[PDB]
Amino acid sequence: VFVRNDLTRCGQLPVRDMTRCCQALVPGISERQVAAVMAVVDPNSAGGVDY
Amino acid sequence: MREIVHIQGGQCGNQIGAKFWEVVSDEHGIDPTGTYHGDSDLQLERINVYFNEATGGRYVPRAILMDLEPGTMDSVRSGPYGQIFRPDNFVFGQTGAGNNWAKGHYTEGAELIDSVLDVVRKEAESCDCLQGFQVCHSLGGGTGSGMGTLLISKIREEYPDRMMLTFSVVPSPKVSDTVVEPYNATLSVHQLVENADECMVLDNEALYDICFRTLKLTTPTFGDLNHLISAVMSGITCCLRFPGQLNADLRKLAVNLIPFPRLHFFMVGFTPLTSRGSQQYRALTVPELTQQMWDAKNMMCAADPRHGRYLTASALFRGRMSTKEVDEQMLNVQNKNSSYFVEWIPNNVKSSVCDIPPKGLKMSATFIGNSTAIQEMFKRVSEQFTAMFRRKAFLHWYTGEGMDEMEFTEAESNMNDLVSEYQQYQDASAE
Amino acid sequence: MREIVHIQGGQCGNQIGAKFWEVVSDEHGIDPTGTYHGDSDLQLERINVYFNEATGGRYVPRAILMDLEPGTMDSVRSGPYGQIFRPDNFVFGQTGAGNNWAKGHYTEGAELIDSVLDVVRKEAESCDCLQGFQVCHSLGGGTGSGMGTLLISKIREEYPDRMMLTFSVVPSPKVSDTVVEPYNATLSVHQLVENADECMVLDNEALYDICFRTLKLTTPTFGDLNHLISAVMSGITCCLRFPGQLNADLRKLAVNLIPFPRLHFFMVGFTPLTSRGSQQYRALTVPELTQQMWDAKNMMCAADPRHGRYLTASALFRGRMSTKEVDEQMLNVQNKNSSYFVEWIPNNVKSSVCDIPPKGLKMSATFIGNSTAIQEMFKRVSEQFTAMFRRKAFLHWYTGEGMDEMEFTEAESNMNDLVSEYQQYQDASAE
Amino acid sequence: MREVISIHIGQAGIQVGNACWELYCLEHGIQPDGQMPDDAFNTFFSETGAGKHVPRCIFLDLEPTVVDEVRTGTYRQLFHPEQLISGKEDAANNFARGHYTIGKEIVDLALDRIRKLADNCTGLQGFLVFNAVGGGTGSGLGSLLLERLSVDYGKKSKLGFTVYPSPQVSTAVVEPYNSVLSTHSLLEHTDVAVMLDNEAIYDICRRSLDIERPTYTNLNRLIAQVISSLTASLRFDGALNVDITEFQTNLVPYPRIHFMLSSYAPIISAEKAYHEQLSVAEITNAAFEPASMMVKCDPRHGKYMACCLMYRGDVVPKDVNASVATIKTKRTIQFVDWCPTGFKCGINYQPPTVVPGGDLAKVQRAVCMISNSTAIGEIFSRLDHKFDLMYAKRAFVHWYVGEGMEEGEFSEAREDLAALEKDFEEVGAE
Amino acid sequence: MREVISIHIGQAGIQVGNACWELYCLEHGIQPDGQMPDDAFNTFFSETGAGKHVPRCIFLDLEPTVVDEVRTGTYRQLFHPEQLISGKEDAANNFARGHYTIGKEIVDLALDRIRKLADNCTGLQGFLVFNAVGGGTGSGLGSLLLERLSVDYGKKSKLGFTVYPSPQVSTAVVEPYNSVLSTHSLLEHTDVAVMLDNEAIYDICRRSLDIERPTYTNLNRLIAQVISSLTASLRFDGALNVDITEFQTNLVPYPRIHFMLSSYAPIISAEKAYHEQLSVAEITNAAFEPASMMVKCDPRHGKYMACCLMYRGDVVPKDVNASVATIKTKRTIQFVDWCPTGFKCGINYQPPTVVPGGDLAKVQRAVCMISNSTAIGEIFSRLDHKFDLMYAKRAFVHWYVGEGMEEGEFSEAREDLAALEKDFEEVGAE
Amino acid sequence: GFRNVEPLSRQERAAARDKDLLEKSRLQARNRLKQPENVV
Amino acid sequence: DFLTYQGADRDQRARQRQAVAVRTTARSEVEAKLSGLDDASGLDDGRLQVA
Ligand SMILES: Nc1nc2c(ncn2[C@@H]2O[C@H](COP(=O)(O)OP(=O)(O)OP(=O)(O)O)[C@@H](O)[C@H]2O)c(=O)[nH]1
Ligand SMILES: Nc1nc2c(ncn2[C@@H]2O[C@H](COP(=O)(O)OP(=O)(O)OP(=O)(O)O)[C@@H](O)[C@H]2O)c(=O)[nH]1
Ligand SMILES: Nc1nc2c(ncn2[C@@H]2O[C@H](COP(=O)(O)OP(=O)(O)O)[C@@H](O)[C@H]2O)c(=O)[nH]1
Ligand SMILES: Nc1nc2c(ncn2[C@@H]2O[C@H](COP(=O)(O)OP(=O)(O)O)[C@@H](O)[C@H]2O)c(=O)[nH]1
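Sequence lines, in order, name chains A, B, C, D, E, F and G.
Sequence positions in the first sequence follow PDB author numbering and run 355 to 405.
Sequence positions in the second sequence follow PDB author numbering and run 1 to 431.
Sequence positions in the third sequence follow PDB author numbering and run 1 to 431.
Sequence positions in the fourth sequence follow PDB author numbering and run 1 to 37, 46 to 438.
Sequence positions in the fifth sequence follow PDB author numbering and run 1 to 37, 46 to 438.
Sequence positions in the sixth sequence follow PDB author numbering and run 9 to 40, 44 to 51.
Sequence positions in the seventh sequence follow PDB author numbering and run 658 to 708.
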């Protein structure tokens, strides 16, 4: 799903794109939880963490 | 001053009755709170046929709703015109009939039937003069078919001379809703033949066809079908409620329509049914009304009149019209289609005219056709009943309610004899 | 203005009485200092049933505490509500009965009984009208059983017409506390049959079972059992103390319960007993309270009503309730469980309604059942008494007190005759 | 001018009297304090020089609780304090207790106050005795008081609105016993006895008022409405006035047969009201419906001997004639062969007043149908086997013996009730 | 008024009950604390005076772990603690252990709580028994409970959502043994038995949800959605309402033949959702697809006898009619000659609610097709040889004998399953 | 601050006094064709 | 106040009827929207414009 939503094949997605992916997987997920997981995955990044 | 006692049975019957009472209150200018807001004297002139005046200005329908489960009546009460009905006329049980004519006729319908007859008698004695009872319900359902047939038998026993009219929704030919529809229809037709003086057969698939082809609607819910049924139900008795140039009551229709006592099943249709797109394209004339009237697509019965022969046909027109026009039109119809009309009856048309058309329509007309085409519908129902009964599938559910296996075959025999009579008068030759 | 004289006997009886008076003072809004702090008129309206007015606003219980050892009433006085009781109503000997019915009835009970009757007469003469005496004590203990039976005999001699209500803690079936429980119980039951007008039977093991299964308590001390008993003692007489929609006094309960004079033994239960976890989960309806009432686990006696037949059963409901609802619930219970109810009594239920529920509870209900199930309890006590009496174990202790061996045989014969009456009315057939 | 003395004996008597006197105070405009802001109250209240009106009633009970509830409630300044009579010990569902031992001094005081009340009345239509057949107080003390009234007052019409035990549902166990005893007592003393059943009135409340949890307050409100409808002709003018003496002379075919079924119409809540016509014919049909009877006794089983109809409100003699003619032509309703008329119609122009806080609606028309019919023998038949089933084992007999009864009393009561059954069968038969 | 009592027996029963009750709470808005911020919940929940809702369910198990997981999880303030019934010793995959020795006291307490629950229900549509055929607790204790319910409650409709062992994959070894025993037991007690297979639901999850590691939580969520669709017509209004009683009338031709295949549609993840139209005809076709069956039983082998379709959401009768007409004209779908209609369509206006944390997408339409078809005999045929293969050596038979069973019980169960095979063959044949 | 209550007319008192007039008025209030007993 | 249970039953019935009325009004609006679709509605207006 992340690959389908990643148009540039860059391996990285924005917050909106990965929240969309996580909602397509599990509808109940909010954006804050996804962003928190993004931060704990990559601490210092300007978005675009590797999916 | 000729009163009619309306009865609704089952979910389908209750929905049809609610739509019908909404339509009639609209015709008579009655708001859902019961007050008159019509601004027309003829609306209040004959309001007593269907309604009774309460202590205030409220008018309550002379309607009795019967059911074994309270959900349908809760929906009816909460509908837009749910408050006009007197709350005591909602007679409901607690355990619904599981599409079981036996449950609705013998086991569970028996206890509620005395409450129902108490309400019916209370409403009937209040009537100054009583034209009769009209019962709207669906063949092929447990509480509807079962308790309807039981109540019709009881009312026939109590008031044999009074008119009995039935609006029965026969199970549809092609797409059947429940499995046990042939059983319920077989057990209900046997009762209707013996008891009901006048019976009008409706098919949901014919209704879908007419609303898809004439009305050309895209999403026809049950509301639209109930609306068409309500239109016919009003138009049959509008000659009682409104002055007519050539008026004709229910008993006159029955006398002119029924040649022999058992041949009292009729297919009905309403005109003019026009799609919203073609409303401006169509021109409202008596010939146009007759053309749509005699179209087989307009029949709300699945059986088409082409296959059979018209024994009789009543046409109740509504609107300021020419009696010469109407009579000439019906004569030309008979002469053109003499092959489809029975030879040994000199005139196969009972033409009636009412001066008050339904709201919005300059003209209208309801058609009531007694033709041998209904033979094929009963034949199809029997073709399903025999297939199920040969292997006795689902027969244990009716047996566990304590009805004899011989009763099924007796009902089948009565249906077969009725079909035989229709064929006999289809192929009867004069002299 | 219908007073009741409460008497506590022995250690168990005194503890139960102290807890009962604490519960009654809580219901009437009486603090341990005796001042009224209830802020409700109905509490003071009938406070005279149990309490008398002191010099000021203090209210003194009409209780008489009996013992041969001062320790139990020292505990009662040291308890939270130990200062309400008048010091003159504490009657004690100096040497306690070593679980010897003969010591508590003949040797040591004889001297103190004069003072006991003096206190009883002093309390009774002050009463305007006297409903009767209620005596709380335990069968199977020396001072309790012996002094209680002797006092009951004396009070029966003095006031034949006045009611006698007894709450006797019959020795438990499975786990017995003292060895001589069968002797003491056998000797006391013979006295209670002759003298006690009305008797409730309580078992410590039944109370443990109910507090383990319904209340689901983990460490239930004797205080909890005494509190259940106290709830029953209050609820049996709340109709005297509070206005009721259909009130019923003790004499009415006795008349409606006792078919024949010797069959005055009853099993009681209290509703609604709810565990902490299920308190929000349980919904309080009259059917719910009746369902908990008629359960065998709710009975505070060891004998289960299923084995026997309900001769009679009174139910005292408390709270804002429908008399139709209560009567319908009891009629439904009788119809459903007609096998457990005596045939030659058409109605086995005496329903009473009081308008004031206990504090905190929206509504409550106490049950008093006269059933032949108690026959098995008496049979078990007989099975122990005969087993010990055949070898005359521990009989010398009773003999050395000036008690004849023939009295044991007479008591056993009387108790067996009572068992025979219960069986006869269990298997009696109408007509 | 047309006084009627009200007696309320037992818990049921006092509880129905509460509703009755609430209804009377509301109907006459009398505030609960005692005074109101012509002479229509004289039937139920006597006015003093101060303008305060006191009711001509007597609340008799051996239990203090029910009387003290009235002494504490809103109607504490209305009733006479000495008129409220309280005993010390309850009768405990024992007819012997209420008739032989406790009831003596109480009934003596009751006669004293009744004589005082009657001395204040110029006329005296009669007594309205409201008690509870099935309890020691109502049965025993009520029977004793009725006997004393028959002895001293004599020919004064005593109308007993007695509450009989229901067929299946009940609250007492010795209820058949004291019911049979009280029936023996009142067969020969009361002039017109109206049967009332809690089961029947509960069914009426459940079906007509849609109260799924009916209570004694609702029952007493319905009974009070019935009694007010019966007495309306004494207080309010109207065409075809009916009198207390006239109920008897039009209703009691023979002295032994004077028990009556009672029915009220309409019984409709406010929500259900103003949805039906409520015409005279319809309400008369409702009154003749077996379900509307306030006794669990289907009138189809027997035959009507007499029917007194008491109409309230906008009712015209033409309408009542048409309705009663339809009733006569009705096949289900059947009358005895020896009474061709069998109908006593009486109209009053006063519509039934509505009690605030009650469930009954404000209806412009009302009918109270009180019928003498042989069907009433069915309830006596039920009690007659309920009695002997217990009596075979002599259950609860020692309780009655203890307060000065004998087995002969039970035998005599049972035999007299059997004779009453025989009389009902005889009058019903051609 | 439409109360249904839910019973969950064994680990599988409780674990599917967790999903079912989470789904019901989400559907009716009831928070896990017990209360929600009308009367559509009455089918599954009974409300108290405080407003907090308790489910009418009973969690029965002889093992403490599964029930304590519920007692400790989020739904600890929702359920009734006594309704959660926990045993002390597990049945250890022994039908005899769960039916003869350990199950006695547990089933007695279970009947006690079931009486208490049914006493709080005005109406009672039936029981929903969710157990696991193939385990001692579910099979043995469940069989005993069903027998007791049939004896005492009588004609109440018991719908048994049973999970038989999969054809090839399984987790137990004595699973054929206790499955045959429990099938013998439940052939004569349950009214409509719904077959479920773990292998089939695993295949559904793998193919439709694209879950390469399906698990018990996913299986239970699918089962919960199916049961919610089944009960939707009881709780939410819609055109063509279908009832628990109507299931038996329109689905059970003969009393022995009441085993039913169940199929839900659509089963799509949100990533695949809104990528197809999901019309009524397409969802009907998907529901009739053999892969969508939750039982490893190809319907092509047999013939359909009846099919009840339960539509949820934006469904119109014209569309259900067109889809069913296409199904009838379809050749691969084959019906028995003696059932010309064979269809029971029922629509509901409530769309299926989506469980947060689930894989199912928020779809506006749903179909639950429950079909009686003779193909179901194939699974019994598989177990009938899986049983006799071990029974020839009497392997593991000592385990069952040790808890008070006999070789006669195994023989009778095998013979009755053979008779059921013969009955399926006979109904399939002309 | 004076309390007020509506004064009734003499016609109402006359109607209450007369049995005939009251009944005729009630019949007129009964219903709408020809009024029942319209003519006083 | 003494008859709370009767008032509670009245309130329960009123609440149930009001809720069912709300449901029926919502369903009636939805059904009116569904049945409004007909020939007059421009379902093929775009196709006509394109042609
Ligand atoms: N209809 C009706 N009956 C009532 C009412 N209150 C009590 N009863 C009946 O009255 C009977 C008992 O009345 P009573 O004998 O006066 O009771 P009591 O005041 O305690 O006096 P005793 O029972 O004699 O000790 C019961 O069986 C009830 O059926 C009431 O409010 N309405
Ligand atoms: N579909 C499905 N099946 C399950 C699930 N959990 C367990 N099962 C099945 O249930 C069967 C055993 O269940 P139980 O009998 O309740 O297991 P238990 O609680 O330990 O009881 P015993 O094994 O009999 O001692 C296994 O064969 C599994 O196939 C589940 O979550 N979903
Ligand atoms: N025209 C129309 N037909 C309906 C309606 N509801 C149900 N039906 C049809 O009526 C048939 C019988 O159902 P019904 O008698 O109402 O079920 P019952 O109340 O349980 O007996 C069904 O096959 C439906 O297809 C409706 O509102 N209008
Ligand atoms: N329920 C209850 N039972 C008690 C209590 N104290 C003692 N018992 C029981 O009462 C039985 C008799 O003891 P008891 O008569 O009080 O001893 P006595 O005072 O020396 O005669 C014993 O078997 C105890 O189990 C108590 O506080 N509550």
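By construction, the Cβ of each residue, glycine as well, lies at the ideal position given by its N, Cα and C atoms.
CA-CA distance, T186(B) and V381(B)?
-> For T186(B) and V381(B), the distance between alpha carbons rounds to 7 Å.
Where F255(E) falls: helix, strand or coil (DSSP) = If DSSP states are grouped into helix, strand and coil, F255(E) belongs with the helices.
N- and C-terminal bounds of the beta strand (DSSP E) containing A19(E) | Careful: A19(E) lies outside any beta strand (DSSP E), inside the alpha helix (DSSP H) at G10 to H28.
Would DSSP call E417(E) helix, strand or coil?
-> In the three-state reduction of the DSSP assignment, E417(E) falls in the helix class.
At least one CB of chain D closer than 8 Å to the CB of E125(B): is that the case?
-> Interface with chain D (8 Å Cβ-Cβ cutoff): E125(B) is included.
Quick one: residues in its chain with C-beta nearer than 6 Å to the C-beta of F351(E), no 5 flanking neighbours on either side, listed in chain order?
-> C315 and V332
Return the residue from the list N226(B), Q280(B), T285(B) and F242(B) that minimises the CA-CA distance to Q329(B).
-> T285(B)
Using the C-alpha atoms, what's the distance from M233(B) back to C199(B)?
-> 12 Å
Report yes if the C-beta of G143(D) is less than 7 Å from at least one heavy atom of ligand 1; otherwise report no.
-> yes
Please classify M321(C): is it buried, with 16 or more other beta-carbons within 10 angstroms of its beta-carbon, or exposed?
-> buried
Using a cut-off of 9 Å between C-beta atoms, extract the partners of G56(B) located in chain D.
-> What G56(B) touches in chain D: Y282.
Considering only C-alpha positions, which residue in the set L70(D), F49(D) and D160(D) is nearest to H61(D)?
-> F49(D)
Quick one: does the C-beta of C12(B) sit closer than 7 Å to a heavy atom of ligand 3?
-> yes
is_contact[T661(G), chain C] using C-beta, thresh 8 Å = yes
In three-state DSSP terms, what is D203(B)?
-> Secondary structure at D203(B): strand, using DSSP grouped into helix, strand and coil.
Could you tell me whether the segment 4–18 of chain C touches the segment 66–84 of chain C, where touching means 3 or more Cβ pairs closer than 8 Å?
-> yes
Is DSSP giving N370(C) helix, strand or coil here?
-> strand
Taking only runs of the alpha helix (DSSP H) that begin and end inside the segment 147–209 of chain E, which ones reach a length of at least 4 residues, in chain order?
-> Taking 4 residues as the shortest admissible run, the segment 147–209 of chain E contains the following complete alpha helix (DSSP H) segments, listed from N- to C-terminal end: 150–160 and 183–194.
Three or more beta-carbon pairs under 8 Å between the segment 389–402 of chain B and the segment 342–356 of chain E, yes or no?
-> yes
Given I368(B), which residues of its chain have a CB within under 6 Å of its CB, disregarding the five upstream and five downstream residues?
-> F266, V268 and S314
Under 8 Å by Cβ, that's how I've got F53(D) and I30(D) pegged, so tell me the actual separation to the nearest angstrom.
-> 6 Å
Do you know how far the Cα of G354(E) is from the Cα of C20(E)?
-> 21 Å
What in chain E is Cβ-close to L379(A), meaning under 8 Å?
-> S277, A278, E279 and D367
Helix, strand or coil at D46(E) [DSSP, three-state] | Look at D46(E) here: in three-state DSSP terms it is coil, with no helix or strand label.
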